[PDB]
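As provided, protein.cif (mmCIF, C-alpha atoms and all ligand atoms) reads as follows.
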```cif
data_query
#
loop_
_atom_site.label_atom_id
_atom_site.label_comp_id
_atom_site.auth_asym_id
_atom_site.auth_seq_id
_atom_site.Cartn_x
_atom_site.Cartn_y
_atom_site.Cartn_z
CA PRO K 5 6.91 -14.53 13.83
CA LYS K 6 4.47 -13.45 11.15
CA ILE K 7 4.57 -9.80 10.15
CA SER K 8 1.69 -7.41 9.73
CA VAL K 9 1.69 -4.73 7.02
CA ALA K 10 -0.54 -1.75 6.55
CA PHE K 11 -0.41 0.40 3.42
CA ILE K 12 -1.63 3.88 4.35
CA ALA K 13 -2.05 6.96 2.21
CA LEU K 14 -4.52 9.85 2.25
CA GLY K 15 -7.90 8.82 0.98
CA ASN K 16 -7.64 4.99 1.17
CA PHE K 17 -9.37 5.16 -2.18
CA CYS K 18 -6.81 4.84 -4.99
CA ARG K 19 -3.31 3.69 -4.13
CA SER K 20 -3.50 2.18 -0.67
CA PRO K 21 -6.31 -0.29 -1.49
CA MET K 22 -4.45 -1.18 -4.71
CA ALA K 23 -1.23 -1.76 -2.74
CA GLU K 24 -2.98 -3.96 -0.16
CA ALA K 25 -4.56 -6.03 -2.98
CA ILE K 26 -1.39 -6.38 -5.07
CA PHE K 27 0.77 -7.17 -2.06
CA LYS K 28 -1.65 -9.93 -0.94
CA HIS K 29 -1.59 -11.26 -4.52
CA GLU K 30 2.22 -11.35 -4.65
CA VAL K 31 2.41 -12.90 -1.17
CA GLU K 32 0.06 -15.67 -2.43
CA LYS K 33 1.90 -16.08 -5.75
CA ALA K 34 5.17 -16.37 -3.82
CA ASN K 35 3.49 -18.98 -1.57
CA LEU K 36 4.49 -16.99 1.53
CA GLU K 37 1.12 -16.46 3.18
CA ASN K 38 2.47 -18.30 6.23
CA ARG K 39 4.94 -15.47 6.98
CA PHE K 40 2.14 -12.90 7.37
CA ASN K 41 -0.53 -12.11 9.92
CA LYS K 42 -2.43 -8.99 8.73
CA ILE K 43 -2.13 -7.09 5.44
CA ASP K 44 -4.40 -4.05 5.37
CA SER K 45 -4.78 -0.53 4.06
CA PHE K 46 -5.96 2.72 5.65
CA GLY K 47 -6.07 6.43 4.86
CA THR K 48 -5.07 9.32 7.13
CA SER K 49 -8.29 11.03 6.07
CA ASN K 50 -11.91 9.91 6.62
CA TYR K 51 -13.04 11.11 3.23
CA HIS K 52 -13.83 7.73 1.69
CA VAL K 53 -14.58 5.71 4.82
CA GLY K 54 -17.05 2.93 4.04
CA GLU K 55 -16.47 3.21 0.30
CA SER K 56 -15.29 0.61 -2.20
CA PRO K 57 -12.11 1.69 -4.05
CA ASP K 58 -11.94 3.94 -7.12
CA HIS K 59 -13.44 2.10 -10.10
CA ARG K 60 -10.16 2.67 -11.97
CA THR K 61 -8.16 0.93 -9.23
CA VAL K 62 -10.68 -1.94 -9.33
CA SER K 63 -10.49 -2.17 -13.13
CA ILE K 64 -6.68 -2.16 -13.20
CA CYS K 65 -6.54 -4.92 -10.59
CA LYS K 66 -9.20 -7.02 -12.36
CA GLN K 67 -7.33 -6.56 -15.65
CA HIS K 68 -4.32 -8.16 -13.97
CA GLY K 69 -6.27 -10.92 -12.27
CA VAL K 70 -5.67 -9.35 -8.86
CA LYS K 71 -8.46 -9.85 -6.32
CA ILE K 72 -9.63 -6.73 -4.56
CA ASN K 73 -12.37 -6.15 -2.00
CA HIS K 74 -12.20 -3.27 0.44
CA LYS K 75 -14.10 -0.54 2.30
CA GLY K 76 -12.41 2.78 3.14
CA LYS K 77 -11.05 2.98 6.68
CA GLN K 78 -9.09 5.60 8.64
CA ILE K 79 -5.82 5.03 10.48
CA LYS K 80 -5.99 4.68 14.29
CA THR K 81 -3.24 5.40 16.78
CA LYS K 82 -3.25 1.75 17.84
CA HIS K 83 -2.30 0.79 14.29
CA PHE K 84 1.27 1.83 15.10
CA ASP K 85 1.55 -1.00 17.64
CA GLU K 86 -0.54 -3.37 15.56
CA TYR K 87 1.59 -3.40 12.40
CA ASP K 88 5.29 -4.10 11.90
CA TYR K 89 5.34 -1.95 8.74
CA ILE K 90 3.15 1.05 7.92
CA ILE K 91 3.92 1.88 4.30
CA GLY K 92 3.12 5.16 2.60
CA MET K 93 2.83 5.94 -1.12
CA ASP K 94 4.34 9.45 -1.24
CA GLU K 95 6.33 11.87 0.94
CA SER K 96 3.28 13.80 2.18
CA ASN K 97 1.99 10.44 3.52
CA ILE K 98 5.22 9.96 5.48
CA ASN K 99 5.15 13.51 6.89
CA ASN K 100 1.61 12.97 8.21
CA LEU K 101 2.28 9.46 9.58
CA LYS K 102 5.49 10.59 11.33
CA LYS K 103 3.55 13.41 12.98
CA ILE K 104 0.85 11.00 14.18
CA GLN K 105 3.11 8.16 15.28
CA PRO K 106 3.37 7.71 19.08
CA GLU K 107 7.02 7.54 20.21
CA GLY K 108 8.14 4.00 20.94
CA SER K 109 5.35 2.35 18.94
CA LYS K 110 6.58 -0.69 17.02
CA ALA K 111 5.47 0.23 13.50
CA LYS K 112 8.25 1.03 11.08
CA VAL K 113 6.92 3.92 8.97
CA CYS K 114 8.36 3.98 5.47
CA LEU K 115 7.82 4.80 1.82
CA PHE K 116 7.05 1.76 -0.34
CA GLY K 117 9.59 3.12 -2.84
CA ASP K 118 12.21 2.65 -0.16
CA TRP K 119 12.37 -0.84 -1.66
CA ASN K 120 13.19 0.51 -5.08
CA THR K 121 16.39 -0.70 -6.74
CA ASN K 122 16.77 2.54 -8.62
CA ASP K 123 17.61 0.43 -11.71
CA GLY K 124 15.30 2.54 -13.88
CA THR K 125 12.46 0.06 -13.95
CA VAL K 126 10.14 2.31 -11.92
CA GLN K 127 10.14 5.63 -10.07
CA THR K 128 10.23 5.69 -6.26
CA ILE K 129 7.19 7.89 -5.52
CA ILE K 130 3.76 6.37 -6.07
CA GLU K 131 1.82 9.46 -7.21
CA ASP K 132 -1.84 9.95 -6.42
CA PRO K 133 -3.68 9.05 -9.72
CA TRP K 134 -7.05 10.52 -8.68
CA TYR K 135 -6.92 13.66 -10.85
CA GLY K 136 -5.28 11.72 -13.70
CA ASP K 137 -6.40 8.97 -16.09
CA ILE K 138 -6.39 5.19 -16.08
CA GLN K 139 -2.77 5.21 -17.27
CA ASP K 140 -1.71 6.69 -13.95
CA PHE K 141 -3.47 3.81 -12.15
CA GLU K 142 -1.74 1.39 -14.53
CA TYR K 143 1.69 2.87 -13.65
CA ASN K 144 0.83 2.69 -9.92
CA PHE K 145 0.11 -1.00 -10.47
CA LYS K 146 3.53 -1.50 -12.02
CA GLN K 147 5.30 0.31 -9.14
CA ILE K 148 3.40 -1.46 -6.33
CA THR K 149 3.97 -4.89 -7.92
CA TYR K 150 7.69 -4.12 -8.23
CA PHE K 151 8.08 -2.92 -4.64
CA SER K 152 5.96 -5.83 -3.42
CA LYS K 153 8.46 -8.33 -4.86
CA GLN K 154 11.45 -6.33 -3.57
CA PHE K 155 9.88 -6.28 -0.08
CA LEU K 156 9.26 -10.06 -0.05
CA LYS K 157 12.83 -10.50 -1.23
CA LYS K 158 14.41 -8.21 1.36
CA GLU K 159 12.23 -8.40 4.50
CA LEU K 160 11.59 -12.11 4.81
CL CL C 201 -1.49 11.42 4.10
#
```
What would the structure in this file look like if it were written as structure tokens?
Amino acid sequence: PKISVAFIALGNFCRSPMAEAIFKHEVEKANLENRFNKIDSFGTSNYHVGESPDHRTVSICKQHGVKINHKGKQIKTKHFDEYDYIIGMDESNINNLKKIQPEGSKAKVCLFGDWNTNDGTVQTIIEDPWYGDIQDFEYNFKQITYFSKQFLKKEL
């Protein structure tokens, strides 16, 4: 039974759209598209609804040959029954999602870094790069790619 994954953070502008794009790219590279139904990204906030992702997230993806095309969208309560995994970037994301999640809904809310090996390659928390520089977006790329592979390796 295919699985559906939603990456959800705060603004659906920096990290979540990058995570959706990189994950799709790794799924394709691994030739496992058949195991998945939906792979999306949302934000708990409506601040960037309708907007294309941060130009720095777009640049970083393009620089790595990762396709990305998205418009900001806000989480909906039904998303907890729609997706098998609802993956946050940082702890504040989890706090908010856990407070919104209807009891008994199927979605397994978790931090992407939960798939970290803790082998020193990357840190567990995917920090919001918005107030930073392109190097923070670059490090996010590295973390998301790493957790993407770990996920495909552990969940399938
Ligand atoms: Cl959040």
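Using all atoms listed in the file for every distance, the candidate list K:64, K:36, K:26, K:91 yields K:91 as the residue closest to ligand CL 201 (chain C).
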From the set K:35, K:67, K:147, K:156, which residue has the shortest atom-to-atom contact distance to residue K:124, counting all atoms listed in the file?
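Ranked by minimum distance to residue K:124, first place goes to K:147.
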Taking all atoms listed in the file into account, report as a VMD selection string which residues have an atom no farther than 8 Å from an atom of ligand CL 201 (chain C).
chain K and resid 12 to 15 47 to 49 92 96 to 101
So that I can check the surroundings of residue K:51, please list as a ChimeraX atom specification every protein, DNA and RNA residue that reaches within 12 Å of it, counting only C-alpha atoms and ignoring chain neighbours fewer than 4 positions away.
/K:13-17,46-47,55,57,75-79
Between K:153, K:146, K:112, K:83, which is the closest to residue K:19 once you count all atoms listed in the file?
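Ranking K:153, K:146, K:112, K:83 by distance to residue K:19, first place goes to K:146.
One finds atom CA of residue K:137 at 27.0 Å from atom CA of residue K:90.
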Between K:103, K:80, K:66, K:158, single out the one closest to residue K:121, counting all atoms listed in the file.
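Among the listed residues, the smallest separation from residue K:121 belongs to K:158.
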Please extract stretch 23-68 of chain K and write it out with N, CA and C atoms, as a PDB file, in the first residue's frame.
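That gives us selection05.pdb:
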```pdb
ATOM      1  N   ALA K  23      12.218  20.222   1.344  1.00  0.00           N
ATOM      2  CA  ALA K  23      12.111  18.824   1.761  1.00  0.00           C
ATOM      3  C   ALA K  23      11.202  18.016   0.816  1.00  0.00           C
ATOM      4  N   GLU K  24      10.094  18.613   0.384  1.00  0.00           N
ATOM      5  CA  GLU K  24       9.187  17.911  -0.516  1.00  0.00           C
ATOM      6  C   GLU K  24       9.902  17.640  -1.841  1.00  0.00           C
ATOM      7  N   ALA K  25      10.631  18.646  -2.331  1.00  0.00           N
ATOM      8  CA  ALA K  25      11.365  18.554  -3.597  1.00  0.00           C
ATOM      9  C   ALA K  25      12.512  17.545  -3.547  1.00  0.00           C
ATOM     10  N   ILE K  26      13.314  17.607  -2.488  1.00  0.00           N
ATOM     11  CA  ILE K  26      14.444  16.689  -2.340  1.00  0.00           C
ATOM     12  C   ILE K  26      13.960  15.265  -2.130  1.00  0.00           C
ATOM     13  N   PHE K  27      12.922  15.091  -1.310  1.00  0.00           N
ATOM     14  CA  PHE K  27      12.408  13.755  -1.063  1.00  0.00           C
ATOM     15  C   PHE K  27      11.905  13.136  -2.375  1.00  0.00           C
ATOM     16  N   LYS K  28      11.162  13.906  -3.169  1.00  0.00           N
ATOM     17  CA  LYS K  28      10.647  13.395  -4.450  1.00  0.00           C
ATOM     18  C   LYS K  28      11.818  12.968  -5.356  1.00  0.00           C
ATOM     19  N   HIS K  29      12.865  13.787  -5.341  1.00  0.00           N
ATOM     20  CA  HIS K  29      14.079  13.563  -6.118  1.00  0.00           C
ATOM     21  C   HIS K  29      14.812  12.287  -5.692  1.00  0.00           C
ATOM     22  N   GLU K  30      14.870  12.016  -4.394  1.00  0.00           N
ATOM     23  CA  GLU K  30      15.529  10.827  -3.893  1.00  0.00           C
ATOM     24  C   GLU K  30      14.654   9.594  -4.159  1.00  0.00           C
ATOM     25  N   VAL K  31      13.336   9.772  -4.053  1.00  0.00           N
ATOM     26  CA  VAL K  31      12.402   8.683  -4.315  1.00  0.00           C
ATOM     27  C   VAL K  31      12.635   8.263  -5.781  1.00  0.00           C
ATOM     28  N   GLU K  32      12.662   9.234  -6.691  1.00  0.00           N
ATOM     29  CA  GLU K  32      12.896   8.967  -8.112  1.00  0.00           C
ATOM     30  C   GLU K  32      14.274   8.320  -8.327  1.00  0.00           C
ATOM     31  N   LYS K  33      15.317   8.939  -7.796  1.00  0.00           N
ATOM     32  CA  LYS K  33      16.662   8.382  -7.939  1.00  0.00           C
ATOM     33  C   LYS K  33      16.745   6.951  -7.426  1.00  0.00           C
ATOM     34  N   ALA K  34      16.006   6.638  -6.361  1.00  0.00           N
ATOM     35  CA  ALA K  34      16.004   5.291  -5.807  1.00  0.00           C
ATOM     36  C   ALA K  34      15.080   4.363  -6.599  1.00  0.00           C
ATOM     37  N   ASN K  35      14.360   4.933  -7.573  1.00  0.00           N
ATOM     38  CA  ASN K  35      13.431   4.170  -8.414  1.00  0.00           C
ATOM     39  C   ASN K  35      12.297   3.561  -7.582  1.00  0.00           C
ATOM     40  N   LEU K  36      11.818   4.305  -6.592  1.00  0.00           N
ATOM     41  CA  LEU K  36      10.787   3.798  -5.690  1.00  0.00           C
ATOM     42  C   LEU K  36       9.462   4.552  -5.756  1.00  0.00           C
ATOM     43  N   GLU K  37       9.260   5.276  -6.838  1.00  0.00           N
ATOM     44  CA  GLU K  37       8.045   6.054  -7.021  1.00  0.00           C
ATOM     45  C   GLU K  37       6.784   5.231  -6.871  1.00  0.00           C
ATOM     46  N   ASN K  38       6.890   3.928  -7.118  1.00  0.00           N
ATOM     47  CA  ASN K  38       5.740   3.022  -7.044  1.00  0.00           C
ATOM     48  C   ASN K  38       5.250   2.796  -5.616  1.00  0.00           C
ATOM     49  N   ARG K  39       6.124   3.017  -4.629  1.00  0.00           N
ATOM     50  CA  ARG K  39       5.775   2.836  -3.218  1.00  0.00           C
ATOM     51  C   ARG K  39       5.019   4.030  -2.602  1.00  0.00           C
ATOM     52  N   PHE K  40       4.943   5.135  -3.342  1.00  0.00           N
ATOM     53  CA  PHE K  40       4.314   6.351  -2.858  1.00  0.00           C
ATOM     54  C   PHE K  40       3.094   6.865  -3.590  1.00  0.00           C
ATOM     55  N   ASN K  41       2.160   7.413  -2.821  1.00  0.00           N
ATOM     56  CA  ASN K  41       0.961   8.008  -3.398  1.00  0.00           C
ATOM     57  C   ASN K  41       1.193   9.527  -3.474  1.00  0.00           C
ATOM     58  N   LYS K  42       1.038  10.245  -2.358  1.00  0.00           N
ATOM     59  CA  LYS K  42       1.275  11.689  -2.371  1.00  0.00           C
ATOM     60  C   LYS K  42       2.493  12.093  -1.548  1.00  0.00           C
ATOM     61  N   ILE K  43       3.210  13.103  -2.038  1.00  0.00           N
ATOM     62  CA  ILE K  43       4.375  13.660  -1.353  1.00  0.00           C
ATOM     63  C   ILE K  43       4.127  15.150  -1.508  1.00  0.00           C
ATOM     64  N   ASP K  44       3.827  15.804  -0.388  1.00  0.00           N
ATOM     65  CA  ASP K  44       3.513  17.224  -0.401  1.00  0.00           C
ATOM     66  C   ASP K  44       4.170  17.979   0.728  1.00  0.00           C
ATOM     67  N   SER K  45       3.937  19.284   0.755  1.00  0.00           N
ATOM     68  CA  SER K  45       4.452  20.124   1.832  1.00  0.00           C
ATOM     69  C   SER K  45       3.427  21.216   2.143  1.00  0.00           C
ATOM     70  N   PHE K  46       3.315  21.532   3.429  1.00  0.00           N
ATOM     71  CA  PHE K  46       2.402  22.561   3.922  1.00  0.00           C
ATOM     72  C   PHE K  46       3.092  23.362   5.028  1.00  0.00           C
ATOM     73  N   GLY K  47       2.422  24.417   5.482  1.00  0.00           N
ATOM     74  CA  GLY K  47       2.938  25.234   6.568  1.00  0.00           C
ATOM     75  C   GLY K  47       1.809  25.368   7.575  1.00  0.00           C
ATOM     76  N   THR K  48       2.110  25.530   8.859  1.00  0.00           N
ATOM     77  CA  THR K  48       1.028  25.686   9.834  1.00  0.00           C
ATOM     78  C   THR K  48       0.437  27.092   9.683  1.00  0.00           C
ATOM     79  N   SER K  49       1.246  28.011   9.179  1.00  0.00           N
ATOM     80  CA  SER K  49       0.820  29.388   8.988  1.00  0.00           C
ATOM     81  C   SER K  49       0.361  29.638   7.555  1.00  0.00           C
ATOM     82  N   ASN K  50      -0.398  30.715   7.352  1.00  0.00           N
ATOM     83  CA  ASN K  50      -0.904  31.092   6.022  1.00  0.00           C
ATOM     84  C   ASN K  50      -0.078  32.210   5.430  1.00  0.00           C
ATOM     85  N   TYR K  51       1.029  32.542   6.078  1.00  0.00           N
ATOM     86  CA  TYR K  51       1.832  33.663   5.624  1.00  0.00           C
ATOM     87  C   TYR K  51       2.346  33.682   4.182  1.00  0.00           C
ATOM     88  N   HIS K  52       2.620  32.528   3.597  1.00  0.00           N
ATOM     89  CA  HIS K  52       3.149  32.531   2.241  1.00  0.00           C
ATOM     90  C   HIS K  52       2.267  31.781   1.258  1.00  0.00           C
ATOM     91  N   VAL K  53       1.013  31.570   1.647  1.00  0.00           N
ATOM     92  CA  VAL K  53       0.051  30.854   0.820  1.00  0.00           C
ATOM     93  C   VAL K  53       0.014  31.462  -0.566  1.00  0.00           C
ATOM     94  N   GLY K  54       0.070  30.613  -1.589  1.00  0.00           N
ATOM     95  CA  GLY K  54       0.046  31.080  -2.967  1.00  0.00           C
ATOM     96  C   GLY K  54       1.397  31.497  -3.514  1.00  0.00           C
ATOM     97  N   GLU K  55       2.403  31.537  -2.650  1.00  0.00           N
ATOM     98  CA  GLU K  55       3.736  31.952  -3.107  1.00  0.00           C
ATOM     99  C   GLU K  55       4.715  30.830  -3.453  1.00  0.00           C
ATOM    100  N   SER K  56       5.558  31.110  -4.438  1.00  0.00           N
ATOM    101  CA  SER K  56       6.606  30.200  -4.862  1.00  0.00           C
ATOM    102  C   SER K  56       7.615  30.229  -3.701  1.00  0.00           C
ATOM    103  N   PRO K  57       8.430  29.173  -3.555  1.00  0.00           N
ATOM    104  CA  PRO K  57       9.396  29.167  -2.449  1.00  0.00           C
ATOM    105  C   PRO K  57      10.487  30.243  -2.479  1.00  0.00           C
ATOM    106  N   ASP K  58      11.131  30.419  -1.334  1.00  0.00           N
ATOM    107  CA  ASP K  58      12.227  31.378  -1.187  1.00  0.00           C
ATOM    108  C   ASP K  58      13.221  31.169  -2.344  1.00  0.00           C
ATOM    109  N   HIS K  59      13.654  32.257  -2.974  1.00  0.00           N
ATOM    110  CA  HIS K  59      14.583  32.157  -4.085  1.00  0.00           C
ATOM    111  C   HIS K  59      15.858  31.399  -3.705  1.00  0.00           C
ATOM    112  N   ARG K  60      16.239  31.436  -2.434  1.00  0.00           N
ATOM    113  CA  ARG K  60      17.449  30.737  -2.000  1.00  0.00           C
ATOM    114  C   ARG K  60      17.220  29.214  -1.959  1.00  0.00           C
ATOM    115  N   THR K  61      15.996  28.806  -1.633  1.00  0.00           N
ATOM    116  CA  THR K  61      15.651  27.389  -1.610  1.00  0.00           C
ATOM    117  C   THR K  61      15.624  26.899  -3.067  1.00  0.00           C
ATOM    118  N   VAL K  62      15.101  27.730  -3.955  1.00  0.00           N
ATOM    119  CA  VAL K  62      15.003  27.399  -5.372  1.00  0.00           C
ATOM    120  C   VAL K  62      16.410  27.286  -5.977  1.00  0.00           C
ATOM    121  N   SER K  63      17.266  28.250  -5.659  1.00  0.00           N
ATOM    122  CA  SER K  63      18.635  28.238  -6.149  1.00  0.00           C
ATOM    123  C   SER K  63      19.403  27.007  -5.690  1.00  0.00           C
ATOM    124  N   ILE K  64      19.330  26.706  -4.393  1.00  0.00           N
ATOM    125  CA  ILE K  64      20.026  25.545  -3.840  1.00  0.00           C
ATOM    126  C   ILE K  64      19.599  24.246  -4.500  1.00  0.00           C
ATOM    127  N   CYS K  65      18.297  24.103  -4.737  1.00  0.00           N
ATOM    128  CA  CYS K  65      17.756  22.919  -5.390  1.00  0.00           C
ATOM    129  C   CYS K  65      18.265  22.850  -6.836  1.00  0.00           C
ATOM    130  N   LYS K  66      18.106  23.941  -7.584  1.00  0.00           N
ATOM    131  CA  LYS K  66      18.583  24.004  -8.962  1.00  0.00           C
ATOM    132  C   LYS K  66      20.076  23.677  -9.039  1.00  0.00           C
ATOM    133  N   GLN K  67      20.859  24.198  -8.100  1.00  0.00           N
ATOM    134  CA  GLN K  67      22.296  23.944  -8.089  1.00  0.00           C
ATOM    135  C   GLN K  67      22.599  22.458  -7.907  1.00  0.00           C
ATOM    136  N   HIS K  68      21.639  21.705  -7.389  1.00  0.00           N
ATOM    137  CA  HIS K  68      21.839  20.279  -7.175  1.00  0.00           C
ATOM    138  C   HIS K  68      21.013  19.456  -8.165  1.00  0.00           C
TER     139      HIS K  68
END
```
